[PDB]
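Take a look at the letters that make up each chain.
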Amino acid sequence: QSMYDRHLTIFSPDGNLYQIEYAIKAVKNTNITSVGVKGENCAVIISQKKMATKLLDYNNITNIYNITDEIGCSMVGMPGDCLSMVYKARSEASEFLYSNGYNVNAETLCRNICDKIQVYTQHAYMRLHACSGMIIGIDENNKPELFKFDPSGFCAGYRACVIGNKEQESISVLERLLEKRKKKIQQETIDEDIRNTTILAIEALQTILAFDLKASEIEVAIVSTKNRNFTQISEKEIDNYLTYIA
Amino acid sequence: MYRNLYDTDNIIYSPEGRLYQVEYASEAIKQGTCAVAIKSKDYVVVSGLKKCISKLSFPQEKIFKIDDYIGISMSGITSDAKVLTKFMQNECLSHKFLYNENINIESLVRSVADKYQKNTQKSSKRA
Amino acid sequence: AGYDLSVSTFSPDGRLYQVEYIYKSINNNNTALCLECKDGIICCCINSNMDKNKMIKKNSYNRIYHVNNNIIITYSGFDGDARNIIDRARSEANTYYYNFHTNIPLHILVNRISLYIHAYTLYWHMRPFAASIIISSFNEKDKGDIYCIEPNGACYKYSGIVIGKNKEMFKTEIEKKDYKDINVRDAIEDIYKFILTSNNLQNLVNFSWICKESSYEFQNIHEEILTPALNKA
Amino acid sequence: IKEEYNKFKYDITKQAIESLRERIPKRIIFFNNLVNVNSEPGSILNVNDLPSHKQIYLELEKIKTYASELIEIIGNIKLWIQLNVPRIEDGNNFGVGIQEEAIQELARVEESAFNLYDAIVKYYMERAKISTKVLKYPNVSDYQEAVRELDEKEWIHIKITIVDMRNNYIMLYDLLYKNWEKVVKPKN
Amino acid sequence: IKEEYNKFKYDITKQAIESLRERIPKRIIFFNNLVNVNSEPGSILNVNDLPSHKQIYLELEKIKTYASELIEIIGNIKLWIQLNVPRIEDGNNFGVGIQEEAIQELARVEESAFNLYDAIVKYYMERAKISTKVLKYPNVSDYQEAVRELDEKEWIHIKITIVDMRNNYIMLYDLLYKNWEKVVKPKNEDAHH
Amino acid sequence: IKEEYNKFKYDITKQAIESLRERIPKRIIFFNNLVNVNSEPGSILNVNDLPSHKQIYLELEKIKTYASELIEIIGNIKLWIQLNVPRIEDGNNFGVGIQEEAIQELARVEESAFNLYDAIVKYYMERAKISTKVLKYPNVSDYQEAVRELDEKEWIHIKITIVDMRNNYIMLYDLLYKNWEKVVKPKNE
Amino acid sequence: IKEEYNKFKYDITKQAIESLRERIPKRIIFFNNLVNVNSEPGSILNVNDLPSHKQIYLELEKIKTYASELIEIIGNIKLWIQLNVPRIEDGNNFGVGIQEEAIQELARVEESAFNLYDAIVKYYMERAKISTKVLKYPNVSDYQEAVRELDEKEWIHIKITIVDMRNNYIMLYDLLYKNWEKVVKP
Amino acid sequence: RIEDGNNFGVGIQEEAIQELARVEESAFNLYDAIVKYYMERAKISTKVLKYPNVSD
Amino acid sequence: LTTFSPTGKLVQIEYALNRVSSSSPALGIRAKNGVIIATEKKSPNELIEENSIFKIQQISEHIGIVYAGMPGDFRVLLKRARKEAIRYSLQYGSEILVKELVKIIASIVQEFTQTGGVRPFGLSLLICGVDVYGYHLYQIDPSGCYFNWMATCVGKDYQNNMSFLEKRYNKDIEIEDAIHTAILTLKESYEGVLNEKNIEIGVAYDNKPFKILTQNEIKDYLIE
């Protein structure tokens, strides 16, 4: 029947915003996943490089967008809504420099994005932005930071999180992968986090996607200390890390 | 669920892919009188047939004038055709004032066709 | 239960209806085509609207537009709504030329045009655009690149792409010959052979190529090179 | 076969226009001469001029002729409108609605004419049953009155049927004539 | 078992196209040759050419054959459309409505042909009861008139059945021909990836 | 008590999945092998292969077997969907719409199979009444053709029932297969 | 009396909870042991175990008991939901729809159980009429076939009724369990 | 008095007449229903007299 | 456009109150030497770091707030709450009074009900803090009204959760004694029996600045 989900600013009898609820299903319907995990003095984002459901140049299609030279982020969901969200973030992070001098913090960037998102929720101005992403980046405290935001307002932040269509089949796997490094050996920190976290990150993606995970269909980025650049790891290093599973 | 939902709004699209509100306007010009123009090598003649509504009435004008070398002939409703005439008159006369050359024909119709476009995406103004 | 009315309404399935109908709107209009070559980027545009008018001029209905001397743009869909995007494209080049005194690059124009089309989708009162845009260029050092902008953003880099009423037909004809390393002067004769497969011997297909080492700038159709069409093989 | 079929599509179209321009007006004059509109009240639906009843027998036979010709004329017209229905589309299909009203009106008259064949059999069957009762109960006069009443009831009903024939022919003709442009070409 | 199912989808599809390209057109001309549209009014549906009634008996036997051929042909075509209905989704389901409209018409024609078998039983049963009354009451003449009138009713109805047969055959062919694109692909496959 | 009840919910679910993966496809091919779709028109619904009519009697017994096995399989499928309807909420019940539509279709086929038992009783009862009239009035010949015609009607009805069996089995299998994802997980957060 | 009346509403409430926690689950297993869902096809709906028919008589008496116990349990449950309906107001009455949906299905099963009383009378009435005809017309064989088929029909109907019992009990229990929070405080 | 709008209270009244009439119609049909019991029981009993060995 | 109803009550407000009736339970209790607040932090997993997601935020050096509804709305109302704690602090050099602050946020929530095309706030606030007129613990309703409570709960199933406070509360309770009667109103109230550093508790801390109690600090009280 004609239920109460027509507009976006109208509550339901039980009290649920169904326009927001349907917008989260838009991200789960794009069948594009991504994993983000923060370890010691580093954090990485693993993309998937797939068309949001011939002759397409695969180097152009991606799900990683640097907001600044220090704060990078990923995007999923509808390709139209995710592109405009980066521009509503690049024009915001750069605005922080012109209005406050310092570079924007990773935790302040996500909370400032959610403030604009919440405004479009209470008002019937525009449609919701069917997207999600993992904002990555280190701060002035020399600590890595990761933050995930849903189509609604959220500044959760996780040490390891999965965004995409498989969030209901990955917490049972990421908890074990995180446990495979925290309560395990944990010897020292020889600044070899790439061989310690990213190896224990790509392994998490292989446990989610049952494919062989071709190196020409995956691209990661690191924002660790001594680098500080959100550099996209080259193809040769990606294929080299894929053979480390043996 | 069809035939009556995607019909009265200039925003909604049909599931087939046709803007049915704008498509009625294309048929709305067919209720008007006939007109015909002939393009020769160096001349253009426009024949317009007026419509005497009554014996006591006078035939309403069909062929108009815009400039010395530009003249239009509406075919449809007199309400919106007069508005486009004033928009085409203020546009071409401004070109002879801001500059001294005459206004290019295709550069004029590009402004007139754009006037239709501005009255197609807004929900308030119709086509 | 009728949820595809406005553009701001999300379907319960998760899809975004009222914007997917636009793909069914561009699937009934005339087609456009483009492809990469080792000497340039040859474009194409078939206007399959011959059975009703037959009074228009031969080379009047042109659907090839350029923002400046080195970036071409075509339409596929509502020809009226595409005029507004070209106005936003040329103004984007001119605004970029004032603030930066140089030609606007391709990877920064496509990202600004796709934002303009996507911006009208979010509104509850403005109707979305109904025109798919093909943006291409050909660098002197680097090779060409064709960006395809469909409704609801989604800027994608291609190497050959067709959009219109036979997108599931001409796509199979391009993957046969590797057009990445052939020429432009021979591909133009091959393009005219494809149109004859899928519907008469008419010159209603106007198209230009951006580069034939002709200063690497957007030329015209050059009728003398188009008239020796291999109409039989 | 494709040729024979296209000829078939051509042959129906001919019959429909021919029926509206000639066959239908001719029947208007026919039934009007039987039930003149200028008649004073009561001179038609009366009973003054009314083993089996040979008089009712001859009148019912004429009715079946009138009934046969009605179903035949409307039936080809109905098929003709159906073959002229355009492809089903969403919106701007007001004209199919016009077509639908015509098919509805044609089916209504056809169903009406169709029940006359069953109703006439029922008249004699019901009348025969009462007559059987007269043989069993010869002094109850209402059974004899019932015989009288059966002919008088059917006689009134028969003429209203004839009036309905006349009235149906004009209502179909007047409706299609006024709405002719949308019935043939509902779209472009 | 997986093989038999895919084989079934292939064999049905063939039968549906075969019926529309051959089985249905041939029968159109057949019934048309029996009740030609170009006949002048009153020359078909008349009674001039009119124990059991052997004349009426022979005509019902042909009807039952005609009834048989319609249900078998339409039934597989109807089933084919049912197997072609896409997954149910909210919105953009204009094509299922077309499909649903088609299923509605196929079931309409099917119920019509199906009731002929029941209708034939009622004819003989009702006629037999009245005849019993004629044997019991041989002088009430209206019962004998009722028998005469009954045959003329059944005779016209036979032709109405043949015309309805004819009309159903053309409406099915015309509907599928005009709406062919939406019955096969009601929802275009959004081919990404 | 809690254990035996939970065991029941597991035991039904197995039977339901088993039916879609084994019981339903096997019966589709079975009935199709009896009434092949590739047959020419009139070769199915004919009367060439046609006291009581002993030939018709043996055929009705087979029909009841087909009817019995059908209600049991679909009934468990129907109950399984009933156990799978989520908690009633306002909105976001598109999957419930699939479920409601599915229950309607399952109940429609079930009601269809259910009237055959009553229809078979009606066949013998109606035929016997006419037969009584033939015994009382042996020379009015129309009563004897009516008996003959009744069997021919029933013979057609028997075969149309068998095709309807075939068509129902496939319509049930394809519909659940295409909409399988919404039948198991309609909302599930 | 006002105290006794509120006590009555309390007394209903007790019976409703007692029925859902004890009376209803026990009967689910009860009817299931007679018609197990795990049975192979045809082992339930067969006719191998099938003057008046003394065998059928024994099966109907048990059915009437099952029908009796069902109407009594559900009737108080319906009343229990009815006493929990809030004051009539305009709007914000989504919960009453749940209450209404539950009472209608409950009334449906009650009506279903109610028609069994009518259904048992029709079996004997129809069987009695045919039996008069077989003694009067002993060579028309279809009357004897009608007796046989009626019993075969009734046998199938008896077992499907038991299945319908089973299925109604679980769907009723499952519906109230899932919607428990809204039935008491809508 | 009947008015357009702000007539939510008449709906309760309408609901009340409906509920009161429903119970009233239900009790009212019992007098006719009791006649049906005796008529049907007597009719079957006549058949018992005519066919005394059919045990059903 | 959240209009009226024939019964004389807002329907969108009643629907908004159902959202706060199905969220995490928030609980505040005043004392004679400070005010305490608590919130059952429903930890879904170990990925969410506790120092990021919070339910107790600050408004100034003496005002504490608690959320009870739509988590996406836990920041927009906070931004305008801190902005009002600054606009009052710019003109008036002293601290913002709780009654002066709660009447402004109640006015902000109110304007989101009468304005056309807007949605009411899906949350219930709990403003608490030290004031120059004693202590205070207010509760803001999505309708816009505010109550001067003493000890209350606003989360899920508060009809029976307040019953613990109606019978286990005295007018003169110290802040240290009120902690265990608040934990009892959380652990012994409903599910969430594994209360091991999964409860955020803020206190006024006897006229000192607002202190957010750490996990190991609450562990000293979690042993009982």
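Residues numbered from 1 in each chain as written, not as in the entry; some residues may be left out. Chains lettered and ligands numbered in written order. Part of a larger assembly, values for the part shown. Heavy atoms only, no water.

- The record lists cryo-EM as the method behind this PDB entry and 3.8 Å as its resolution.

## Things to note about the overall build of chain I
Argument step 1. Within chain I one finds six helices and 10 strands.
Argument step 2. Relative to its length of 224 residues, chain I is compact, with a C-alpha radius of gyration of 17 Å against a globular reference of 17 Å.
Argument step 3. Considering only C-alpha atoms, chain I reaches an extent of 50 × 45 × 40 Å along its principal axes.
Argument step 4. Residues counted as buried form 53% of the 224 residues belonging to chain I.
Argument step 5. Expressed as a percentage of contacts within chain I between residues at least 6 apart in sequence, the contacts between residues at least 24 apart total 64%.
Argument step 6. Roughly 10400 Å² of accessible area belongs to chain I as shown, and the carbon and sulfur atoms make up 52% of that amount. (Helix = DSSP H or I, 4+ residues; strand = E, 2+ residues; numbered from the N terminus. Rg over C-alpha atoms; globule rule 2.2 N^0.38 Å. Buried < 20%, exposed > 50% of the residue type's maximum accessible area, 1.4 Å probe, protein only. Contact = heavy atoms within 4.5 Å. Areas by Shrake-Rupley, 256 points an atom, 1.4 Å probe, with all protein chains shown as cover.)

## Some details on the sheet that holds strand β1 (residues 31–36) of chain C
By way of backbone hydrogen bonds, the strands of a sheet pair with one another, either parallel or antiparallel.
Residue and element names in this part refer to chain C.
Argument step 1. The strand order across the open sheet formed by three strands is β2-β1-β8, and the pairing between neighbours is antiparallel. What marks the edges here is a single partner per strand, and that holds for β2 (41–46) and β8 (160–163). In this sheet, adjacent strand axes meet at a mean angle of 5 degrees when their direction is disregarded.
Argument step 2. Sheet analysis places β1 next to β8, joined by four bridges and oriented antiparallel. Counted as the bridge partner of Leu35 is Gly160 from β8.
Argument step 3. Sitting on the sheet, helix α4 (residues 167–174) is in contact with β1, β2 and β8, with an inclination near 160 degrees to β8.
Argument step 4. Its contacts with the sheet place helix α5 (residues 187–197) against β1 and β2, and it is angled at close to 25 degrees to β2. (Pairing = 2+ DSSP bridges. Axes fitted to C-alpha atoms, helices over the stretch in contact; angles between N-to-C directions.)

## Examining the nonpolar core
Argument step 1. The biggest cluster of nonpolar side chains holds 205 residues, and the ones touching the most others in it are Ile81(F) and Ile170(F).
Argument step 2. Considering each element in turn, this core owes the most residues, 18 residues, to helix α4 (residues 142–178) of chain F.
Argument step 3. The residues touching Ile81(F), leaving out its near neighbours within four places in the chain, are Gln99(F), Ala102(F), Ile103(F), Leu106(F), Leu176(F) and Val183(F).
Argument step 4. Within the second largest apolar cluster, 66 residues are counted, among which are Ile64(A), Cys43(C), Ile64(C) and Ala154(C). (Core = buried A, V, L, I, M, F, W, Y, C linked by side-chain atoms within 4.5 Å.)

## Remarks on the interface of chain F and chain G
One frequently used descriptor of interface size is the decrease in accessible area upon assembly of the parts.
Argument step 1. Listed as interface residues are 41 residues of chain F and, on the opposing side, 43 residues of chain G.
Argument step 2. When the two sides are added together, the surface that chain F and chain G hide from each other amounts to roughly 3900 Å², 62% of it contributed by carbon and sulfur.
Argument step 3. Residue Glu61(F) pairs with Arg148(G) through a salt bridge whose shortest N-O separation is 3.4 Å.
Argument step 4. Counting every contact that joins chain F to chain G gives 11 residue pairs in polar contact. (Buried area = accessible area lost by both parts, 1.4 Å probe. Salt bridge = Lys/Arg side-chain N within 4 Å of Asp/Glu carboxyl O. Polar contact = N/O pair within 3.5 Å; in protein donor to acceptor, adjacent residues only side chain to side chain.)

## Focus: the sheet that holds strand β3 (residues 64–68) of chain C
Residues and elements named next belong to chain C.
Argument step 1. Strand order in this open sheet of five strands is β3-β4-β5-β6-β7, and the pairing throughout is antiparallel. On the outer flanks of this sheet lie β3 and β7 (156–158), each paired with one strand and no other. The sheet shows a mean angle of 30 degrees between the axes of neighbouring strands, direction not considered.
Argument step 2. Pairing geometry for strand β5 (residues 133–138) and strand β6 (residues 144–149), over six bridges, is antiparallel.

## Here we look at a negative patch on the surface
Argument step 1. A surface patch of negative charge is lined by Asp172(I), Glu174(I), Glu176(I), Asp177(I), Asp206(I), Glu217(I), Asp220(I) and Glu224(I).
Argument step 2. Owing to a relative accessible area of 30%, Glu217(I) belongs among the partly exposed residues under this scheme. (Patch = residues over 30% accessible without salt bridge, like charges linked within 9 Å, V, L, I, M, F, W, Y side chains within 5 Å. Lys, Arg positive; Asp, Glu negative; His and termini not counted. Charge placed at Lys NZ, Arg CZ, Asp CG, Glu CD.)

## A word on the environment of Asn29(A)
Argument step 1. Along the chain, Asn29(A) turns up in the loop between α1 (18–28) and β1 (34–38).
Argument step 2. Sequence spacing of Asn29(A) and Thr53(A) is 24 residues, and the spatial spacing of their C-alpha atoms is 8.1 Å.
Argument step 3. The residues touching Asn29(A), leaving out its near neighbours within four places in the chain, are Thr53(A), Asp13(C) and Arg15(C).

## Looking at the pattern of salt bridges
Argument step 1. Per the counting criterion, the structure on display carries 73 salt bridges over all chains.
Argument step 2. One salt bridge connects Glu107(A) with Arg111(A), and the closest N-O pair in it is separated by 3.5 Å. Of the two residues, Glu107(A) and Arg111(A) both sit in helix α3 (residues 106–122), four residues apart, roughly one turn of that helix.
Argument step 3. For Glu19(H), the salt bridge identified is with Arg22(H), shortest N-O distance 3.0 Å. Residue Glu19(H) and its partner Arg22(H) are located together in helix α1 (residues 8–28), separated by three residues, close to a single helical turn.
Argument step 4. Exposure remark for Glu19(H): the relative accessible area of 39% places this residue in the partly exposed category.
Argument step 5. Look at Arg22(H) and you get partly exposed, because its relative accessible area is 44%.

## Considerations on unusual backbone geometry
Most peptide bonds are trans, and most residues other than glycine sit at a negative phi.
Argument step 1. One non-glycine residue, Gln186(A), lies in positive phi territory at about 45 degrees.
Argument step 2. The backbone of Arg3(B) shows a phi angle near 70 degrees, a positive value even though the residue is not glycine.
Argument step 3. Among the structural elements, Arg3(B) can be located in the segment before α1 (20–28).
Argument step 4. A relative accessible area of 41% means that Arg3(B) is categorised as partly exposed.

## Structural notes on empty space enclosed by the protein
Argument step 1. By volume, the largest cavity amounts to about 290 Å³.
Argument step 2. Residue assignment for the lining of the largest cavity shows that the elements contributing at least two residues are α1 (2–34) and α2 (54–83) of chain D together with α4 (141–178) of chain E.
Argument step 3. Classifying every residue of the lining of the largest cavity gives nine nonpolar, seven polar and six charged. (1 Å grid on protein atoms, 1.4 Å probe; cavity = no way out; pocket = protein on both sides within 12 Å on 5 of 7 lines; lining within 4 Å. Points joined across faces, edges and corners; volume = space filled by probe spheres on them. Nonpolar A, V, L, I, M, F, W, Y, C, P; charged D, E, K, R; others polar.)

## A word on a nonpolar patch on the surface
Argument step 1. A surface patch of nonpolar side chains, about 260 Å² in accessible area, is lined by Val36(B), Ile38(B) and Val45(B).
Argument step 2. Examined against the element boundaries, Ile38(B) turns out to sit in strand β1 (residues 35–39).

## Digging into the interface of chain H and chain G
Argument step 1. Opposite the eight residues of chain H that make contact, chain G presents 11 residues.
Argument step 2. Taken together, the two surfaces of chain H and chain G that pack against each other cover about 810 Å², and 72% of this comes from carbon and sulfur.
Argument step 3. Per-residue buried area on chain H facing chain G is highest for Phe8(H), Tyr51(H) and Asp56(H); these three make up 60% of the total on that side.
Argument step 4. Inspection of the chain H/chain G interface yields zero salt bridges.
Argument step 5. Inspection of the region where chain H meets chain G yields zero residue pairs in polar contact.

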